[PDB]
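Q: The structure file model_16.txt (compact mmCIF, C-alpha atoms) is provided below.
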```txt
# COMPACT_ATOMS: atom_id res chain seq x y z
CA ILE M 1 0.00 0.00 0.00
CA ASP M 2 1.38 3.43 -0.93
CA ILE M 3 -0.06 6.45 0.84
CA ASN M 4 1.22 9.59 -0.79
CA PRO M 5 1.81 12.85 1.12
CA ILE M 6 0.14 16.09 0.11
CA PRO M 7 2.77 18.64 -0.98
CA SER M 8 2.73 21.74 1.15
CA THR M 9 1.37 25.03 -0.07
CA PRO M 10 4.06 26.58 -2.30
CA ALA M 11 5.40 30.06 -2.24
CA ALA M 12 4.57 32.33 -5.11
CA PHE M 13 6.15 35.59 -6.14
CA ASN M 14 5.41 38.56 -8.38
CA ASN M 15 7.87 40.75 -10.30
CA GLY M 16 7.28 43.84 -8.20
CA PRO M 17 4.88 46.66 -8.95
CA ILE M 18 3.86 46.79 -12.62
CA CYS M 19 2.83 49.73 -14.87
CA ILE M 20 -0.77 49.53 -15.97
CA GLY M 21 -1.00 47.36 -19.07
CA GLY M 22 2.40 45.83 -18.43
CA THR M 23 3.37 42.25 -17.70
CA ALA M 24 4.72 40.26 -14.79
CA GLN M 25 6.61 37.06 -14.43
CA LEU M 26 5.19 34.98 -11.67
CA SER M 27 7.38 32.43 -10.04
CA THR M 28 7.44 29.49 -7.67
CA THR M 29 9.51 26.74 -6.06
CA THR M 30 10.89 23.87 -8.11
CA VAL M 31 9.40 20.60 -6.90
CA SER M 32 10.71 17.33 -8.28
CA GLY M 33 8.03 15.20 -9.90
CA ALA M 34 5.56 18.08 -9.90
CA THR M 35 3.29 19.54 -12.47
CA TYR M 36 2.08 23.09 -12.02
CA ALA M 37 -1.10 25.04 -12.51
CA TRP M 38 -1.80 28.72 -12.02
CA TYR M 39 -5.37 29.86 -11.62
CA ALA M 40 -7.05 33.24 -11.79
CA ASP M 41 -9.79 32.39 -9.34
CA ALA M 42 -9.74 31.46 -5.66
CA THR M 43 -12.06 28.61 -6.61
CA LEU M 44 -9.42 27.28 -8.97
CA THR M 45 -11.79 27.04 -11.96
CA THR M 46 -10.06 29.35 -14.46
CA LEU M 47 -6.69 28.11 -15.58
CA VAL M 48 -4.12 30.71 -16.57
CA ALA M 49 -0.85 28.84 -17.04
CA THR M 50 0.83 25.49 -16.49
CA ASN M 51 4.49 26.40 -16.47
CA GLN M 52 6.55 27.01 -13.37
CA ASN M 53 7.34 30.66 -13.90
CA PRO M 54 4.83 31.99 -16.46
CA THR M 55 4.51 35.54 -17.71
CA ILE M 56 1.10 37.10 -17.48
CA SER M 57 0.33 39.97 -19.82
CA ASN M 58 -1.91 43.05 -19.73
CA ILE M 59 -2.14 43.41 -15.99
CA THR M 60 -4.15 46.55 -15.36
CA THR M 61 -5.16 46.03 -11.75
CA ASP M 62 -4.12 44.36 -8.52
CA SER M 63 -4.72 40.82 -9.74
CA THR M 64 -4.27 37.71 -7.61
CA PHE M 65 -3.01 34.38 -8.88
CA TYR M 66 -3.33 31.00 -7.22
CA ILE M 67 -0.88 28.13 -7.51
CA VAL M 68 -1.42 24.40 -7.22
CA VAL M 69 1.47 21.95 -7.25
CA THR M 70 0.56 18.35 -7.99
CA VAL M 71 3.04 15.60 -7.20
CA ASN M 72 2.51 11.97 -8.13
CA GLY M 73 -1.21 12.64 -8.37
CA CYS M 74 -1.74 14.61 -5.06
CA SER M 75 -2.62 18.32 -5.24
CA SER M 76 -1.53 20.90 -2.66
CA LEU M 77 -3.68 23.65 -1.23
CA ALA M 78 -3.21 26.64 -3.47
CA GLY M 79 -0.66 29.30 -2.64
CA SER M 80 -1.00 32.79 -3.95
CA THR M 81 0.60 36.00 -5.07
CA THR M 82 -0.61 39.43 -6.05
CA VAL M 83 0.82 41.87 -8.54
CA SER M 84 0.54 45.42 -7.38
CA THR M 85 0.18 48.19 -9.89
CA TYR M 86 2.16 51.37 -9.59
CA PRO M 87 -0.40 54.14 -9.48
CA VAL M 88 -0.88 56.69 -12.27
CA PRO M 89 1.50 59.64 -11.98
CA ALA M 90 -0.16 62.99 -11.38
CA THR M 91 -1.32 65.17 -14.25
CA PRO M 92 1.58 67.48 -15.34
CA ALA M 93 1.54 71.22 -14.80
CA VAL M 94 1.56 73.62 -17.76
CA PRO M 95 1.07 77.39 -18.25
CA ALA M 96 -2.30 78.95 -19.00
CA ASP M 97 -3.38 79.67 -22.57
CA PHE M 98 -1.17 82.14 -24.43
CA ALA M 99 -1.70 85.09 -26.67
CA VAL M 100 1.46 86.18 -28.42
CA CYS M 101 2.21 88.37 -31.40
CA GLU M 102 3.87 87.27 -34.57
CA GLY M 103 7.63 87.57 -34.16
CA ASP M 104 7.88 87.39 -30.33
CA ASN M 105 8.73 84.31 -28.19
CA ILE M 106 6.63 81.27 -27.26
CA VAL M 107 8.00 79.93 -24.02
CA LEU M 108 6.76 76.62 -22.73
CA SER M 109 7.82 74.96 -19.50
CA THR M 110 6.65 72.74 -16.70
CA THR M 111 7.06 72.74 -12.94
CA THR M 112 6.80 69.02 -12.30
CA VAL M 113 9.75 66.72 -11.69
CA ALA M 114 10.06 63.67 -13.90
CA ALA M 115 12.28 60.90 -15.19
CA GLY M 116 11.62 62.50 -18.52
CA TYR M 117 9.23 64.72 -20.37
CA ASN M 118 7.50 64.43 -23.72
CA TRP M 119 6.19 67.52 -25.49
CA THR M 120 4.56 67.71 -28.92
CA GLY M 121 3.04 70.55 -30.97
CA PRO M 122 1.76 72.42 -34.10
CA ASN M 123 4.89 72.89 -36.17
CA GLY M 124 6.64 69.67 -35.24
CA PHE M 125 7.68 71.04 -31.90
CA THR M 126 9.16 68.16 -30.03
CA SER M 127 11.00 68.06 -26.73
CA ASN M 128 11.95 65.76 -23.91
CA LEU M 129 12.97 68.52 -21.48
CA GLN M 130 11.44 70.27 -18.48
CA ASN M 131 12.07 73.58 -20.26
CA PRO M 132 12.04 73.10 -24.09
CA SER M 133 13.74 75.45 -26.49
CA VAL M 134 11.95 78.70 -27.14
CA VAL M 135 9.87 78.75 -30.30
CA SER M 136 9.74 81.87 -32.45
CA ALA M 137 6.15 83.06 -32.68
CA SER M 138 5.47 82.30 -36.31
CA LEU M 139 1.85 82.04 -37.35
CA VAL M 140 2.43 78.37 -38.21
CA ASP M 141 3.11 77.71 -34.50
CA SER M 142 -0.44 78.48 -33.35
CA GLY M 143 -2.22 75.51 -31.94
CA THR M 144 -2.26 72.95 -29.13
CA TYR M 145 0.90 71.99 -27.24
CA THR M 146 0.75 68.71 -25.29
CA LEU M 147 2.75 67.43 -22.27
CA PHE M 148 3.04 64.00 -20.69
CA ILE M 149 5.34 62.85 -17.90
CA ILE M 150 7.39 59.74 -17.32
CA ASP M 151 7.76 58.80 -13.67
CA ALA M 152 10.79 57.37 -12.05
CA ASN M 153 9.50 53.84 -12.23
CA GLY M 154 8.81 54.77 -15.83
CA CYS M 155 5.01 54.67 -15.88
CA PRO M 156 3.48 57.54 -17.95
CA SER M 157 1.08 60.22 -16.66
CA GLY M 158 -2.06 61.36 -18.36
CA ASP M 159 -1.50 64.34 -20.64
CA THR M 160 -2.37 68.01 -20.25
CA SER M 161 -2.27 70.81 -22.82
CA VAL M 162 -1.79 74.53 -23.60
CA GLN M 163 -3.30 76.63 -26.38
CA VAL M 164 -1.11 79.21 -28.08
CA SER M 165 -2.58 81.83 -30.38
CA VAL M 166 -0.18 83.92 -32.48
CA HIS M 167 -1.68 87.18 -33.72
CA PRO M 168 -0.59 88.59 -37.12
CA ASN M 169 1.83 91.51 -36.79
CA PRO M 170 0.25 94.77 -38.34
CA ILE G 1 16.94 3.53 11.50
CA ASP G 2 18.17 6.58 9.57
CA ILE G 3 19.46 9.53 11.56
CA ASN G 4 20.05 12.44 9.25
CA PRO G 5 22.77 15.06 9.82
CA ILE G 6 21.99 18.74 10.09
CA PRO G 7 23.63 20.65 7.21
CA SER G 8 26.07 23.24 8.40
CA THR G 9 25.33 26.93 8.30
CA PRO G 10 25.88 28.07 4.69
CA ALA G 11 27.82 31.00 3.44
CA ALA G 12 25.92 33.87 1.92
CA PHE G 13 27.15 36.71 -0.21
CA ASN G 14 25.98 40.10 -1.44
CA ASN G 15 26.81 41.85 -4.72
CA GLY G 16 28.88 44.58 -3.14
CA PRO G 17 27.70 48.03 -2.12
CA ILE G 18 24.46 49.04 -3.86
CA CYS G 19 23.09 52.49 -4.88
CA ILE G 20 19.99 53.44 -2.96
CA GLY G 21 16.96 51.96 -4.68
CA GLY G 22 19.08 49.50 -6.63
CA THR G 23 19.13 45.72 -6.53
CA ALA G 24 21.45 42.98 -5.39
CA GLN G 25 21.93 39.38 -6.26
CA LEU G 26 22.40 37.31 -3.18
CA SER G 27 24.16 34.04 -3.47
CA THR G 28 25.01 30.83 -1.66
CA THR G 29 26.64 27.40 -1.86
CA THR G 30 25.15 24.65 -4.01
CA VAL G 31 24.10 21.74 -1.82
CA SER G 32 22.94 18.52 -3.43
CA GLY G 33 19.45 17.49 -2.37
CA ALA G 34 18.77 20.88 -0.81
CA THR G 35 15.95 23.31 -0.99
CA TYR G 36 16.60 26.92 -0.11
CA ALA G 37 14.84 29.70 1.73
CA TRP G 38 15.88 33.30 2.26
CA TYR G 39 14.28 35.26 5.04
CA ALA G 40 14.13 38.94 5.87
CA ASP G 41 13.92 38.45 9.61
CA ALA G 42 16.32 36.94 12.13
CA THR G 43 13.33 35.01 13.44
CA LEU G 44 12.87 33.44 10.02
CA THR G 45 9.17 34.35 9.77
CA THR G 46 9.15 36.51 6.62
CA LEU G 47 10.08 34.62 3.50
CA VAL G 48 11.76 36.57 0.72
CA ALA G 49 12.89 34.01 -1.83
CA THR G 50 13.32 30.28 -2.41
CA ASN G 51 15.90 30.17 -5.16
CA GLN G 52 19.61 29.67 -4.63
CA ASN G 53 20.83 33.02 -5.89
CA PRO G 54 17.82 35.38 -5.89
CA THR G 55 17.80 39.05 -6.80
CA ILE G 56 16.30 41.39 -4.27
CA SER G 57 15.01 44.72 -5.53
CA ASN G 58 14.61 48.23 -4.10
CA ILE G 59 17.27 48.00 -1.44
CA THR G 60 17.41 51.41 0.20
CA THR G 61 19.22 50.57 3.41
CA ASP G 62 21.69 48.17 4.97
CA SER G 63 19.37 45.17 4.89
CA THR G 64 20.24 41.74 6.26
CA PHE G 65 19.10 38.46 4.77
CA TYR G 66 19.07 35.06 6.41
CA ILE G 67 19.52 31.73 4.66
CA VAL G 68 18.26 28.29 5.58
CA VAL G 69 19.30 25.19 3.65
CA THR G 70 17.11 22.14 4.13
CA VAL G 71 18.39 18.74 3.08
CA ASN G 72 16.29 15.59 3.15
CA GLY G 73 13.99 17.26 5.67
CA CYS G 74 16.65 18.71 8.11
CA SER G 75 17.09 22.50 8.32
CA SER G 76 20.41 24.23 9.03
CA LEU G 77 20.93 27.16 11.33
CA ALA G 78 20.52 30.26 9.23
CA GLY G 79 23.52 31.95 7.69
CA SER G 80 23.42 35.58 6.75
CA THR G 81 24.58 38.39 4.54
CA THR G 82 24.16 42.13 4.48
CA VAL G 83 24.01 44.49 1.54
CA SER G 84 25.74 47.74 2.22
CA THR G 85 24.54 50.89 0.56
CA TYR G 86 26.97 53.33 -0.96
CA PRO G 87 26.29 56.62 0.74
CA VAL G 88 24.75 59.64 -1.00
CA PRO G 89 27.35 61.75 -2.80
CA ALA G 90 27.75 65.27 -1.47
CA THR G 91 25.62 68.14 -2.74
CA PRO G 92 27.36 69.74 -5.80
CA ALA G 93 28.85 73.21 -5.73
CA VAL G 94 27.46 75.98 -7.95
CA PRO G 95 27.94 79.77 -8.24
CA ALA G 96 25.77 82.27 -6.40
CA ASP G 97 22.75 83.85 -8.08
CA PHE G 98 23.54 85.92 -11.17
CA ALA G 99 22.49 89.24 -12.54
CA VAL G 100 23.54 89.72 -16.13
CA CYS G 101 22.52 92.10 -18.88
CA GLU G 102 20.95 91.16 -22.14
CA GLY G 103 23.69 90.37 -24.65
CA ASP G 104 26.54 89.49 -22.23
CA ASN G 105 27.68 85.98 -21.16
CA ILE G 106 26.11 83.50 -18.72
CA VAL G 107 28.89 81.31 -17.43
CA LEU G 108 28.05 78.28 -15.37
CA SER G 109 30.53 75.88 -13.82
CA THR G 110 31.14 73.61 -10.89
CA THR G 111 34.10 72.87 -8.66
CA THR G 112 33.27 69.30 -7.72
CA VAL G 113 34.85 66.23 -9.28
CA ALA G 114 32.53 63.62 -10.73
CA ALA G 115 32.16 60.62 -12.99
CA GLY G 116 29.83 62.88 -14.89
CA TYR G 117 27.67 65.93 -14.56
CA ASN G 118 24.10 66.68 -15.53
CA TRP G 119 22.95 70.27 -16.02
CA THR G 120 19.51 71.45 -17.16
CA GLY G 121 17.95 74.91 -17.67
CA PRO G 122 15.47 77.55 -19.00
CA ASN G 123 16.07 77.51 -22.73
CA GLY G 124 16.86 73.83 -23.11
CA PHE G 125 20.33 74.29 -21.74
CA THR G 126 21.73 70.85 -21.32
CA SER G 127 25.21 69.70 -20.44
CA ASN G 128 27.15 66.79 -19.03
CA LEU G 129 30.37 68.74 -18.39
CA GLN G 130 32.10 70.30 -15.39
CA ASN G 131 32.22 73.56 -17.34
CA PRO G 132 29.30 73.76 -19.85
CA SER G 133 29.35 75.94 -22.92
CA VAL G 134 28.74 79.62 -22.33
CA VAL G 135 25.19 80.75 -22.94
CA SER G 136 24.50 84.11 -24.56
CA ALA G 137 22.46 86.24 -22.18
CA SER G 138 19.19 86.31 -24.06
CA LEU G 139 16.10 87.20 -22.08
CA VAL G 140 14.73 83.71 -22.77
CA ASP G 141 17.63 82.27 -20.72
CA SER G 142 16.47 83.76 -17.40
CA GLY G 143 15.47 81.17 -14.89
CA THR G 144 16.69 78.28 -12.75
CA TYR G 145 19.73 76.21 -13.71
CA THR G 146 20.05 72.81 -12.00
CA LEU G 147 23.08 70.55 -11.33
CA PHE G 148 23.36 66.95 -10.17
CA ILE G 149 26.46 64.78 -9.88
CA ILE G 150 27.21 61.18 -10.73
CA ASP G 151 29.78 59.57 -8.46
CA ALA G 152 32.41 57.14 -9.47
CA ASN G 153 30.40 54.16 -8.34
CA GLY G 154 27.66 55.84 -10.35
CA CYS G 155 25.23 56.76 -7.58
CA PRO G 156 23.65 60.24 -8.09
CA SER G 157 23.89 63.20 -5.70
CA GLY G 158 21.05 65.41 -4.64
CA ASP G 159 20.67 68.48 -6.84
CA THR G 160 21.51 72.13 -6.25
CA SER G 161 20.58 75.19 -8.30
CA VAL G 162 21.44 78.72 -9.50
CA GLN G 163 19.13 81.59 -10.45
CA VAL G 164 20.06 83.74 -13.42
CA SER G 165 18.29 87.00 -14.12
CA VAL G 166 18.91 88.70 -17.47
CA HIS G 167 18.06 92.40 -17.48
CA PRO G 168 16.73 94.03 -20.70
CA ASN G 169 19.36 96.10 -22.50
CA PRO G 170 18.25 99.87 -22.66
```
Write the structure described by the file as structure tokens, please.

A:
Amino acid sequence: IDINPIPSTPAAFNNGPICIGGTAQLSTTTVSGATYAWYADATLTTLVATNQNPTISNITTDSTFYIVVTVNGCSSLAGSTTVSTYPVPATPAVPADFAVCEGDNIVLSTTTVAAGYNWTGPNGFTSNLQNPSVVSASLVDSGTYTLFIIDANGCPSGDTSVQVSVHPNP
Amino acid sequence: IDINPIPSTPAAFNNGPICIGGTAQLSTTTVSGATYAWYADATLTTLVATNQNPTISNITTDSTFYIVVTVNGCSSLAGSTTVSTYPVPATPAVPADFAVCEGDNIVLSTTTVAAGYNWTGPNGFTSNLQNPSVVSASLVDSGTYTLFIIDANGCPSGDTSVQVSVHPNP
């Protein structure tokens, strides 16, 4: 007669906080003779992966995964791990809408600290700086200027914008 | 009757001094038939990792890890290792606040030695030198200039800054 033991509940790990829409590698303990199953539900009815250290994509929230290790036919009580999501960085700060005259200077800047900046605009204006180069106020430069922010972890902020209206010079 | 030995306390190693917020690979001795567990606490109640040479992220202080090697069911007395953190490089030196006139020269420099420098400023001024190129004193260049320092190990300093005010030329 062979009475098999039940493997103990395994450890499970995430890959740290993840940017919304990013991915995470989940991982567990190597068990000789084992097969693995990762489930999305606490009821273990939705199967997500069968490897040992699978990568789960498109994580947009604080999702929980459950792990069952089966050895020689006996299944352990599921272990678990959660993947926390780094929150959304705060909306960037920009100046109020401008009115400038043709030939003067359009000066854009922000006051927020970031790993990096990303500015776009009407005449191809592009910058990755806190204080982008000054744009001559040509009429072609009228329009909407847009700013987004990359955080230290790297996760992007939602964008904000500035209108600039260049008046023809008499 | 089989009386199993208790494995001896294992060695454990860090990856040298680490920059604050960096990571370290911890490592230990390969033991045949062993399973591994790394703990954050001296009481061995918080489990950190189960591999042999795990990487621990976001180390911001002089953290200590404890290692238990279990062979054929018998657990050793925990070994340990610490990860020391390279201290924060000293605040950089910059000149006192400037008053310049439109059309003259804005000269920025530092007196501190570094692996590299990183300067930013009002009109897109960017430099990685101890003594950045001289900026013409245009009115668009008024504002705050900021310096940070990269140490030899590579760990960044806290920043310091200089105000420059360009007066209109009569």

Q: Counting all atoms listed in the file, which residues from chain M have an atom at most 6 Å from any atom of chain G, and could you show them as a PyMOL selection string?

A: chain M and resi 131-133

Q: List as a list in words the protein and nucleic acid residues near residue 127 of chain G, meaning an atom at most 12 Å away when only C-alpha atoms are counted, but skip any in the same chain fewer than 6 places from it.

A: residues 108, 109, 110, 116, 117, 118, 119, 120, 121, 133, 134, 135, 145, 146, 147, 148 and 149 of chain G

Q: From the set M:155, M:59, M:139, M:24, which residue has the shortest atom-to-atom contact distance to residue 105 of chain M, counting only C-alpha atoms?

A: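 Of M:155, M:59, M:139, M:24, the one nearest residue 105 of chain M, counting only C-alpha atoms, is M:139.
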
Q: Residues within 12 Å of (-0.6, 50.7, -16.3), file coordinates, counting only C-alpha atoms: what are they? Give the list as a PyMOL selection string.

A: chain M and resi 17-24+57-62+83-89+151+153-158

Q: Calculated over all atoms listed in the file, which of the candidates M:161, M:64, M:15, M:43 has the smallest distance to residue 97 of chain M?

A: M:161

Q: Counting all atoms listed in the file, figure out which residue out of G:142, G:111, G:90, G:53 gets nearest to residue 129 of chain G.

A: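 Going through G:142, G:111, G:90, G:53 one by one, the smallest distance to residue 129 of chain G is for G:111.
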
Q: Determine, counting all atoms listed in the file, which protein, DNA and RNA residues have an atom within 7 Å of an atom of residue 137 of chain G; residues of the same chain fewer than 5 positions away are not included. Present the result as a ChimeraX atom specification.

A: /G:101-106,166
